[PDB]
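Have a look at the structure below, then the notes.
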Protein chains: 2
Amino acid sequence: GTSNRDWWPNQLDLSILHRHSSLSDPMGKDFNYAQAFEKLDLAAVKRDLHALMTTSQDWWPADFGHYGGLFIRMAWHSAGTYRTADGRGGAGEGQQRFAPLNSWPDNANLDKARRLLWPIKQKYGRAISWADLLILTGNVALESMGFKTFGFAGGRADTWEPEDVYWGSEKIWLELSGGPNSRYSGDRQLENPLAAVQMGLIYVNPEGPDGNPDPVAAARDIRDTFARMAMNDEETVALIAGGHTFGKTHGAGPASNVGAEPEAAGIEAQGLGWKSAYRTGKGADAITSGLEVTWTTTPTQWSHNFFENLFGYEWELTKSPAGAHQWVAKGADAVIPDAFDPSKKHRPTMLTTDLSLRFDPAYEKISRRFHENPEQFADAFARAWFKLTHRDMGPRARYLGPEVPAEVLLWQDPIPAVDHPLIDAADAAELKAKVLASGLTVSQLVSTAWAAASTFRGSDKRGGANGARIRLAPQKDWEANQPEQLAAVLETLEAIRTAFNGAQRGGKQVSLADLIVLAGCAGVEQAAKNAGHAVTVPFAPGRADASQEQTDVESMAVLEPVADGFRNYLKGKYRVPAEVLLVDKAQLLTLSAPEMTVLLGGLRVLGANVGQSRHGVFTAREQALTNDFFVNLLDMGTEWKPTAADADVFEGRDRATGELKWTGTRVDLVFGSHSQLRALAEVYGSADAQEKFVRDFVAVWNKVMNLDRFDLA
Amino acid sequence: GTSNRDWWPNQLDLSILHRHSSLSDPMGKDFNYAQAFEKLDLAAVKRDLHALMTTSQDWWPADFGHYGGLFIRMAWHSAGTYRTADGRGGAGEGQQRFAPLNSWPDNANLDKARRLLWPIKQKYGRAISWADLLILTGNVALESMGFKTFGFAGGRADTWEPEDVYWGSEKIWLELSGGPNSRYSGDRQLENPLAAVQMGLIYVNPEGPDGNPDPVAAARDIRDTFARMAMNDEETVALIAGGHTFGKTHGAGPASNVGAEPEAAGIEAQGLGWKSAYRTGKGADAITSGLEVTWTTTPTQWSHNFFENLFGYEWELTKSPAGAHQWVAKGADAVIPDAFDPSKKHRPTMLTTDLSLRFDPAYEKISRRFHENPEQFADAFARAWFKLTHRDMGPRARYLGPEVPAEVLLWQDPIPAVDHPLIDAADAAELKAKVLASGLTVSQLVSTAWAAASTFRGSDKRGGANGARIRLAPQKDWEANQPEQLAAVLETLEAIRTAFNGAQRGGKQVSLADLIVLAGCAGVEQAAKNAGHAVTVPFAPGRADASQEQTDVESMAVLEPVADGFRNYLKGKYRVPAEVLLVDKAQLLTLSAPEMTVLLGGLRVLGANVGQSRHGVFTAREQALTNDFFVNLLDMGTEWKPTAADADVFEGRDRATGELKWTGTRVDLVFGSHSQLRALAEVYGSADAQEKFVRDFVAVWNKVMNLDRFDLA
Ligand code: HEM
Ligand code: HEM
Ligand SMILES: Nc1ncnc2c1ncn2[C@@H]1O[C@H](COP(=O)(O)OP(=O)(O)O)[C@@H](O)[C@H]1O
Ligand SMILES: [Cl-]
Ligand SMILES: [Cl-]
Ligand code: NA
Ligand code: NA
């Protein structure tokens with residue numbers, strides 16, 4: 001059946017904004033996963049998981065009699081899709097169980113691992129999400145094998161459909177680089193926002209770059225991809241060597257024996273895939289990656305034998321039974337156990353990417369330290385494993401259960417506790433009047449609060465106005481935030497704050513974070529009053545102010561808006577059309593298409609554009625909250641044409657006289673072009689719509705201001 | 001950006017079930033369009049539309065100074081996509097303003113027509129939908145040009161995103177027959193459910209079949225496509241000749257001058273398309289279809305000139321200025337006015353498909369009768385226009401406003417008015433006890449009610465349990481309804497009915513329609529009791545019983561389920577996989593995926609399968625309402641394989657012994673295979689889910705029983 005996407009493959013896709021509707025969710029509209037989790041007997045879940053580790057099923061027999069290695073790989077791949085560029089991927093939504101991730105070649109046979117967990121999922125039901133269970137299972141695996149984890153938090157609610165993520169443009173699984181849809185350009189520069197080297201891989205190719213078995217070159221790809229997953233050198237080495245303390249790879253025969261991935265398999269496979277015609281198809285005969293390596297002499301027990309072997313042997317290039325490149329220890333004795341036959345032993349083996357840990361010079365220093373000091377290794381691995389598996393969970397207020405680590409980690413973007421009474425409704429009214437009496441304008445107040453709150457992204461729940469990180473490096477200097485203008489606003493608000501706080505009794509005070517938001521609220525109320533409408537914008541206090549020392553400047557870089565269509569802002573010229581970047585930002589904000597449309601049209605007329613640009617400001621009463629953006633955009637009396645100077649800027653002229661009325665960008669005019677967006681614009685540009693536009697604008701503004709308020713959930 | 005549909009282009013698409021969420025709808029969740037419409041000043045709207053008729057805009061100047069022909073075409077196209085096979089298409093959702101229909105070649109320049117209406121739409125806002133406005137406009141165009149319409153009803157709520165309709169499989173607009181994705185096979189047999197001859201046409205090709213200008217052959221295509229739009233020969237001749245009493249076609253120069261359709265155009269085009277480089281690109285120079293025909297001597301006034309011209313001249317084949325085949329009157333004088341230049345006149349001209357009305361022998365007899373009795377023509381056209389524009393609106397209870405025709409038409413599937421007291425809760429309890437005491441089983445009660453209610457489709461709001469048409473021809477004889485079993489259940493219910501009704505005073509009586517549904521409710525209650533659960537199922541009385549003479553047996557044929565996954569029924573072997581047909585049915589029933597899931601699993605254990613098939617009956621307690629379907633389907637202790645006899649039937653055997661435990665179809669097993677469906681099945685097959693399953697099942701059952709209850713809306 002031919003679809004709209006077939007006829008118009010480059011038209012903008014709004015379906016991404018309308019995922020996760022109540023229609024697709026089997027749980028009631030009142031279901032609260034945190035409340036269910038908080039009553040889970042977590043210790044009981046863990047006991048059942050511990051038992052499972054050594055209860056082999058004959059349909060996928062346990063290597064060494066222990067499923068721990070398999071489950072650790074499972075949890076690492078669940079988390080391993082994360083990209084810092086956009087926060088997408090990660091373990092936080094349990095997306096491994098849906099397409100495409102359930103059928104990526106790097107996730108081969110994890111379908112088996114998830115199926116092993118159905119009896120426990122079934123027993124506990126809604127009180128433990130798949131998303132939490134995948135991670136918990138990896139932690140129990142670790143514990144069962146003698147490794148002390150750093151802790152665990154629940155709270156990852158399940159999702160019910162695939163997320164729309166850009167994983168690359170290749171049309172062939174695992175395509176090598178340099179194809180017509182190459183994700184690499186220049187000197188091996190990987191395109192943002194990607195964080196894997198080949199389509200369908202987690203991070204890197206275990207044979208080496210595009211299959212070339214050079215550990216030094218592979219190290220480059222490890223370092224780049226791991227950094228794009230928010231891991232530094234120490235963390236990277238700790239993770240890889242920690243993981244590869246356990247279990248084995250699977251490559252017992254040729255890969256041509258392996259059948260269709262789950263999404264392609266027949267209905268009778270019941271959601272499993274990669275059925276193998278090689279011998280028994282499983283166990284001793286398993287084929288997963290095609291490699292056949294077993295790293296340590298005790299694959300079912302924590303040890304420091306990975307680095308003992310890495311450094312204690314010289315390594316020879318060899319081939320697995322499937323033909324993949326891998327390495328074997330020269331001259332070694334057969335000291336590695338076989339997974340099924342207690343009479344067989346094997347020489348030590350390694351992946352190309354394992355040898356990167358010794359042959360890259362910066363890795364080698366860390367790896368040596370960890371070899372000489374395994375307690376340092378263990379602690380780094382524990383810390384890195386917690387980070388890996390929690391990096392997309394959001395603020396610590398979302399962490400549930402009895403095993404949450406008390407230590408506050410800098411990567412969590414922590415917010416200090418509030419230890420004083422909060423402002424009440426009368427205080428809020430007093431502050432809004434003081435802010436308006438200062439002389440700050442509607443535009444300055446709206447723009448400041450927008451800048452502070454719109455850093456949120458729902459992908460990894462980072463950003464937002466909590467913390468008042470807008471006053472700190474690097475936010476205070478981002479171009480989109482208008483550094484000089486911002487500094488002036490912040491100085492004014494800080495003076496109002498000082499004055500109010502100095503007047504109080506009983507310890508009541510207002511944080512700068514709360515006052516930035518409140519001041520934006522006052523701006524929107526004032527703009528409504530400028531239009532003739534008396535409205536109260538909701539405000540919820542309780543944000544706190546973070547310090548510079550609590551703020552990782554390098555980690556915060558990925559949150560810089562380089563494209564913010566809500567402020568008509570593009571930092572440079574991109575391949576992707578600006579309207580596509582608008583919808584991407586709207587999705588990060590968690591906005592629907594109606595929400596996106598009302599918000600943008602209101603921001604344009606409040607003066608929120610960076611640089612005071614007139615593009616899209618289709619009103620003669622700027623700083624009044626009206627629907628003028630939509631009424632003027634939709635006026636057929638105006639004709640639009642791209643400018644000669646810039647194809648991305650348009651002039652709107654009166655059709656009869658030629659008189660210049662307006663200018664606009666692609667982000668402004670998509671609302672009058674796209675057939676779905678134009679239908680939304682029409683509602684708000686109708687003669688009956690002024691009350692509705694104000695009400696809906698206020699509601700979406702409040703939604704944005706509150707995106708990171710998990711303290712109120 | 002590669003998507004899941006790219007990787008797995010034949011996996012089932014559940015997005016069709018989660019359209020029309022509250023996320024994409026800009027109106028509040030409590031918006032009620034009927035209440036808005038009922039307060040519209042419809043008379044005011046009609047005055048504005050009358051004014052618009054002759055208010056020419058320079059960007060698309062009005063032919064003859066009157067937009068009435070353009071608007072008639074616009075409304076006839078809005079309606080003209082309707083297909084009786086599935087009820088999809090039609091005017092009722094205003095879908096002409098969205099992709100793909102806004103850009104079909106046959107809808108060229110209707111973008112202009114819609115844009116002329118924006119000022120009126122803006123003025124009246126939410127109180128008139130686009131969907132109602134398009135039809136109202138057509139009516140006013142006819143009235144303006146001297147034709148008295150049969151009536152008009154409002155109530156077509158707007159929609160906010162495209163419907164997922166199968167329009168065909170061709171990948172080329174307008175492709176002629178016999179290609180790789182041909183919609184024709186055999187003896188020019190058009191594939192169900194399509195009702196057009198070429199991709200992007202409304203019904204037929206105006207040059208003739210595949211472009212061949214044979215009026216007799218064209219008439220075969222006219223007859224078939226119009227029958228697939230619910231129109232008979234009389235209706236067809238009346239509509240074509242009535243439409244073509246007005247206006248003209250547009251083909252002033254070669255089609256290669258015409259640019260991108262709306263969804264392909266540049267952002268500056270602001271939602272319009274088909275910009276033409278030919279001369280002024282509009283008005284006298286317009287190119288729409290490529291034909292250049294004006295049918296009557298008064299194109300802006302109702303006349304009897306269409307049939308005068310058709311019969312009064314002999315016709316010669318010629319070409320338009322764009323090269324399209326059309327006909328010109330031999331020897332005629334230049335009597336047809338020019339649309340723009342009072343000094344030019346033209347000879348009478350006709351399309352191939354107009355000549356079909358004279359050269360097909362059955363049409364010729366009707367055409368002659370209309371030529372000799374123009375009052376008959378006028379009345380037939382008025383009735384056909386009303387049908388055309390209301391065919392998809394559903395029961396008359398949904399018709400709004402002061403111009404609704406009082407006359408009840410057979411095609412409306414009319415339900416008699418209720419003129420007696422209805423049964424109350426105490427009476428319902430008495431009837432349910434009588435039904436359970438009669439010996440009817442859970443299976444018989446559930447299956448009967450299911451058969452009665454599940455004929456509803458939301459596409460055209462036809463079907464459902466109101467009317468008790470299950471007792472009439474042809475529903476009573478449909479294979480899926482199990483005619484012999486049905487007759488025995490109906491005879492028992494009719495005896496209960498008669499006994500109850502004869503005992504009442506004051507006029508109270510229960511309809512058979514209500515009793516069917518109530519007895520199904522008693523079946524579900526009894527099944528829940530059989531499972532240990534104490535459940536009351538909601539019931540709303542007020543259905544009435546329609547007569548056989550109120551039930552057009554040929555129009556009812558399209559409602560026959562040839563595939564009904566809910567009863568594991570397939571009438572024959574089809575090219576479309578059964579699970580796609582299940583999703584199709586769910587969409588017609590208005591079900592989400594969770595609703596489809598719970599419903600199907602419950603129906604399987606209640607004994608609703610046709611023929612008492614064991615396929616998917618995964619329980620040892622049939623006729624008890626439990627979640628057994630899910631718990632057993634998901635048990636990894638069972639392995640599934642297709643049977644040797646039939647690749648579409650599967651056997652589930654114990655993995656350890658080989659012993660046969662169950663059999664199932666594709667519709668049963670897709671719930672254990674599709675990664676989204678299986679995530680839903682998991683919820684209902686969890687240990688905590690029995691009460692959730694029962695409650696959800698009751699809710700969805702109640703939903704289905706009330707789908708046609710627009711008397712209660
Ligand atoms: C450069 C990064 C990495 C590469 C290229 C990589 C590669 C692979 C490959 C090819 C396999 C074999 C799959 C199979 O055939 O069964 C595997 C297994 C495994 N990986 Fe990694 N890995 C990486 C990092 C990690 C990390 C960060 C962890 C966890 C902290 C991890 C834990 C494991 C474990 C436990 C197994 C064994 C699975 C079993 O016993 O079934 N790996 N690795
Ligand atoms: C066999 C069925 C039919 C065929 C093949 C057909 C074909 C067409 C074509 C090709 C045009 C010219 C488009 C353009 O170049 O502007 C047209 C115009 C039009 N049709 Fe039809 N038609 C059919 C039935 C109808 C019916 C059922 C109605 C309404 C009751 C209708 C009303 C009109 C009107 C009013 C115009 C004039 C448009 C204008 O003045 O701008 N047609 N038809
Ligand atoms: N309209 C009704 N008439 C009679 N009983 C009802 C009605 N609606 C709900 N109930 C009963 O109340 C129970 C729970 O009510 P509710 O909270 O509305 O959720 P649901 O959408 O599951 O019906 C139902 O399972 C049914 O037995
Ligand atoms: Cl994601
Ligand atoms: Cl439709
Ligand atoms: Na994420
Ligand atoms: Na329809």
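Every chain in the structure tokens takes a letter, A first, then B, and so on in the order presented; its residues are numbered from 1, and the ligands are numbered from 1 following the presented order.
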
Interface list for chain A, partner chain B, 6 Å threshold, only C-alpha atoms, as a VMD selection string: chain A and resid 1 to 2 18 23 26 98 122 to 123 125 166 168 to 169 267 to 268 270 to 271 592 594 640 to 641 672 to 673 675 686 to 688

I need the residues from that last selection saved to file as a tab-separated table (two decimals), in the first residue's frame (with C-alpha atoms), if you can.
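Result saved to out-v6.tsv:
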```
chain	number	residue	atom	x	y	z
A	1	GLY	CA	0.00	0.00	0.00
A	2	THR	CA	1.53	3.38	-1.04
A	18	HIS	CA	2.18	12.00	18.96
A	23	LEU	CA	-4.43	5.07	23.23
A	26	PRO	CA	-2.50	-0.63	28.30
A	98	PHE	CA	10.92	-3.05	20.51
A	122	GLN	CA	5.07	-12.29	34.90
A	123	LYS	CA	5.24	-13.01	38.66
A	125	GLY	CA	3.68	-7.78	36.99
A	166	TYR	CA	17.75	8.77	14.00
A	168	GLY	CA	21.76	6.70	10.72
A	169	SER	CA	20.89	6.76	7.00
A	267	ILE	CA	5.20	-15.82	13.33
A	268	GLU	CA	5.98	-19.26	14.80
A	270	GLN	CA	7.11	-16.06	18.81
A	271	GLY	CA	9.27	-13.04	18.96
A	592	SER	CA	2.60	17.84	20.85
A	594	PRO	CA	-0.73	21.70	18.93
A	640	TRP	CA	5.69	35.21	0.10
A	641	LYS	CA	8.97	34.82	-1.80
A	672	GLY	CA	1.42	28.12	6.56
A	673	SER	CA	2.73	25.37	4.29
A	675	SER	CA	-0.94	20.68	5.70
A	686	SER	CA	-9.89	32.09	13.77
A	687	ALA	CA	-12.04	34.98	14.97
A	688	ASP	CA	-13.29	32.92	17.94
```

Near region 491-496 of chain A, counting only C-alpha atoms, which residues have an atom at most 10 Å away, once you skip same-chain residues fewer than 2 positions from it, shown as a ChimeraX atom specification? /A:431,434-435,438-440,445,471,486-489,498-502,511-512,515-516,519

Neighbours of ligand 7 at 9 Å or closer, counting only C-alpha atoms and all ligand atoms: which residues, as a compact mmCIF listing (two decimals) with N, CA, C and O atoms, in the first residue's frame?
```txt
# COMPACT_ATOMS: atom_id res chain seq x y z
N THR B 81 -14.48 10.15 -2.82
CA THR B 81 -13.48 9.18 -2.53
C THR B 81 -14.09 7.91 -1.82
O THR B 81 -13.34 6.99 -1.50
N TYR B 82 -15.35 8.05 -1.46
CA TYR B 82 -16.05 6.98 -0.68
C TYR B 82 -15.99 5.63 -1.34
O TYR B 82 -16.27 5.51 -2.52
N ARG B 83 -15.82 4.59 -0.55
CA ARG B 83 -15.84 3.21 -1.04
C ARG B 83 -16.79 2.43 -0.17
O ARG B 83 -16.66 2.46 1.09
N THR B 84 -17.79 1.80 -0.74
CA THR B 84 -18.68 0.94 0.08
C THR B 84 -18.02 -0.27 0.66
O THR B 84 -18.50 -0.75 1.73
N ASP B 86 -15.33 -0.71 2.42
CA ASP B 86 -14.89 -0.50 3.79
C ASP B 86 -15.47 0.73 4.47
O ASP B 86 -15.22 1.02 5.66
N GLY B 87 -16.25 1.54 3.71
CA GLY B 87 -16.78 2.81 4.19
C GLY B 87 -15.75 3.97 4.29
O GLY B 87 -16.16 5.05 4.73
N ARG B 88 -14.55 3.68 3.88
CA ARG B 88 -13.49 4.70 4.01
C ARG B 88 -13.65 5.72 2.84
O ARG B 88 -14.36 5.53 1.90
N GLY B 89 -12.98 6.82 3.05
CA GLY B 89 -13.18 7.96 2.12
C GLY B 89 -14.54 8.61 2.34
O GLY B 89 -15.24 8.32 3.36
N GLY B 90 -14.91 9.54 1.45
CA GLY B 90 -16.05 10.39 1.71
C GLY B 90 -15.73 11.75 2.31
O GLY B 90 -14.58 12.06 2.61
N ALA B 91 -16.84 12.54 2.43
CA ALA B 91 -16.69 13.94 2.84
C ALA B 91 -16.64 14.10 4.35
O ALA B 91 -16.37 15.20 4.87
N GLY B 92 -17.01 13.02 5.06
CA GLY B 92 -17.36 13.17 6.44
C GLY B 92 -16.30 13.55 7.45
O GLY B 92 -16.65 13.83 8.60
N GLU B 93 -15.02 13.46 7.08
CA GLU B 93 -13.93 13.85 7.95
C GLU B 93 -13.13 15.00 7.39
O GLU B 93 -12.11 15.45 7.98
N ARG B 391 -23.65 10.13 2.48
CA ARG B 391 -23.63 8.67 2.54
C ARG B 391 -22.82 8.11 3.66
O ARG B 391 -23.08 6.97 4.05
N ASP B 392 -21.82 8.83 4.10
CA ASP B 392 -20.91 8.43 5.14
C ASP B 392 -21.19 9.02 6.49
O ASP B 392 -20.36 8.93 7.40
N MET B 393 -22.36 9.63 6.69
CA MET B 393 -22.62 10.38 7.91
C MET B 393 -23.23 9.49 9.02
O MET B 393 -23.38 9.91 10.15
N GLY B 458 -16.68 2.62 11.89
CA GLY B 458 -16.66 4.00 12.11
C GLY B 458 -16.35 4.81 10.85
O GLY B 458 -16.53 6.07 10.90
N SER B 459 -15.90 4.17 9.82
CA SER B 459 -15.59 4.87 8.57
C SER B 459 -16.80 5.55 7.97
O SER B 459 -16.71 6.74 7.57
N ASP B 460 -17.95 4.90 7.92
CA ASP B 460 -19.17 5.49 7.47
C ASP B 460 -20.29 5.37 8.47
O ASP B 460 -21.42 5.72 8.20
N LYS B 461 -20.03 4.88 9.71
CA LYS B 461 -20.96 4.78 10.83
C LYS B 461 -22.15 3.92 10.47
O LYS B 461 -23.24 4.06 11.01
```

Give me the residues near residue 704 (chain A) as a VMD selection string, where near means some atom within 12 Å (using only C-alpha atoms) and where sequence neighbours in that chain fewer than 2 positions away do not count. chain A and resid 449 to 458 463 to 466 517 520 to 521 538 to 539 586 588 to 591 595 to 596 599 697 to 702 706 to 709

Once you count only C-alpha atoms and all ligand atoms, which residues end up within 6 Å of ligand 2, and could you hand them over as a ChimeraX atom specification? /B:69-70,72-73,76,204-206,222,239-240,242-244,246-250,288-291,353

Give the alpha helix (DSSP H) residues of region 342-561 of chain A, as assigned by DSSP on the backbone, as a VMD selection string. chain A and resid 352 to 359 361 to 372 374 to 390 425 to 437 442 to 453 483 to 502 512 to 530 553 to 556

Coordinates-based distance that separates CA of residue 559 (chain A) from CA of residue 380 (chain A) (Å, one decimal): 26.2 Å

Which residue of B:657, B:293, B:238, B:428 approaches residue 540 (chain B) most closely, using only C-alpha atoms: B:428

Let me make sure I understand: among A:197, A:425, A:522, A:51, which one has the smallest atom-to-atom distance to residue 448 (chain A) if we use only C-alpha atoms?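 Closest residue, counting only C-alpha atoms: A:522.
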
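Taking CA of residue 284 (chain B) as the reference point, CA of residue 260 (chain B) is found at 20.5 Å.
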
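The shell of residues at most 10 Å from residue 532 (chain A), with only C-alpha atoms counted and near chain neighbours (fewer than 4 positions) removed, consists of residues 526, 527, 528, 624, 625 and 626 of chain A.
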
Find the spatial neighbours of residue 323 (chain B), counting only C-alpha atoms, within a cut-off of 12 Å - ignore same-chain residues fewer than 2 positions away - and output them as an MDAnalysis selection string. chainID B and resid 207 211 251:256 287 289:292 317:321 325:326

Limited to C-alpha atoms, could you put the picked residues into a file as a JSON list (two decimals), in the first residue's frame?
```
[["chain", "number", "residue", "atom", "x", "y", "z"],
["B", 207, "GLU", "CA", -10.61, 10.38, -21.68],
["B", 211, "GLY", "CA", -6.96, 6.72, -21.91],
["B", 251, "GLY", "CA", -6.80, 22.59, -20.33],
["B", 252, "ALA", "CA", -5.68, 25.80, -22.04],
["B", 253, "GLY", "CA", -2.08, 24.56, -22.69],
["B", 254, "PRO", "CA", 0.23, 21.66, -22.28],
["B", 255, "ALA", "CA", 0.27, 19.91, -18.86],
["B", 256, "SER", "CA", 4.01, 20.15, -18.75],
["B", 287, "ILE", "CA", -4.84, 24.04, -16.65],
["B", 289, "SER", "CA", -7.27, 18.25, -16.00],
["B", 290, "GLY", "CA", -5.85, 19.11, -19.42],
["B", 291, "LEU", "CA", -9.31, 18.90, -21.02],
["B", 292, "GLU", "CA", -11.04, 21.99, -22.47],
["B", 317, "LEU", "CA", -13.20, 12.98, -31.59],
["B", 318, "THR", "CA", -10.71, 15.77, -31.16],
["B", 319, "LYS", "CA", -7.95, 16.96, -28.86],
["B", 320, "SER", "CA", -7.74, 19.69, -26.31],
["B", 321, "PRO", "CA", -4.94, 22.24, -26.33],
["B", 325, "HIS", "CA", -8.96, 13.29, -26.04],
["B", 326, "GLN", "CA", -12.43, 14.99, -26.02]]
```

Extract, using only C-alpha atoms, all DNA, RNA and protein residues at most 12 Å from residue 344 (chain B), discarding same-chain residues fewer than 4 positions from it, and format them as a PyMOL selection string. chain B and resi 284+334-340

Find the residues near residue 136 (chain B): any atom within 9 Å, counting only C-alpha atoms, skip ones fewer than 2 places away on the same chain, and give them as number ranges by chain. B: 46, 49, 75, 131-134, 138-141, 152-154

Take the selection from the previous step and output its residues with C-alpha atoms, as a compact mmCIF listing (two decimals), in the first residue's frame.
```txt
# COMPACT_ATOMS: atom_id res chain seq x y z
CA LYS B 46 -25.12 30.85 3.71
CA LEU B 49 -21.17 31.91 0.87
CA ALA B 75 -17.78 19.17 -2.88
CA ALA B 131 -15.85 19.03 6.53
CA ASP B 132 -19.33 20.61 6.82
CA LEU B 133 -18.17 23.81 5.04
CA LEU B 134 -17.01 21.97 1.94
CA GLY B 138 -21.47 22.99 -2.80
CA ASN B 139 -25.06 23.30 -1.78
CA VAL B 140 -24.93 27.07 -1.86
CA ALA B 141 -23.26 27.00 -5.26
CA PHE B 152 -28.30 19.58 4.22
CA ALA B 153 -27.15 18.25 7.58
CA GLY B 154 -24.23 19.44 9.66
```

Using only C-alpha atoms: which of A:113, A:397, A:644, A:617 has the shortest distance to residue 661 (chain A):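 Checking each candidate against residue 661 (chain A), we get A:617 as the closest.
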
Ligand 6 proximity check over A:13, A:552, A:333, A:163, using only C-alpha atoms and all ligand atoms: winner is A:163
